């Protein structure tokens, strides 16, 4: 919360519409036909949603040695599960996947 790069431009949840083809799942997934992928995107400037102590250090070191240490990664803090209906050789399977959709975002 509060982005020094202007609203929306910092690490936050986005929804990107993807078809089975996009994912490379059209051979094994039957339903759903497309997925609203929740995903963490945006910049990670100083003190923005720092995940932990490591993330603060990363911020300070990147500011100081941009050549050696990269900016912190915008990444999921937690995930939502998803139900996939998949194809088997003789029928169908119903499977829950745990770490598929991003729930929450932080920087590291």
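Residue numbers count along the first chain shown, from 1.
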Out of 50-58 and 63-71, which stretch has the higher average CA B-factor listed in the record? 63-71
So, looking at the entry's B-factor column for Cα atoms, which has the higher mean, 98-106 or 3-11? 3-11
Entry-reported C-alpha B-factor of residue 76 relative to its chain, by third, is lowest
Per the entry's values, where does residue 35 land by CA temperature factor relative to the rest of its chain, in the lowest, middle or highest third? middle
Just say lowest, middle or highest third for the CA B-factor of residue 41 relative to the other modelled residues in its chain. lowest
Taking the C-alpha B-factors as the PDB entry records them, is residue 90 in the lowest, middle or highest third of its chain? highest
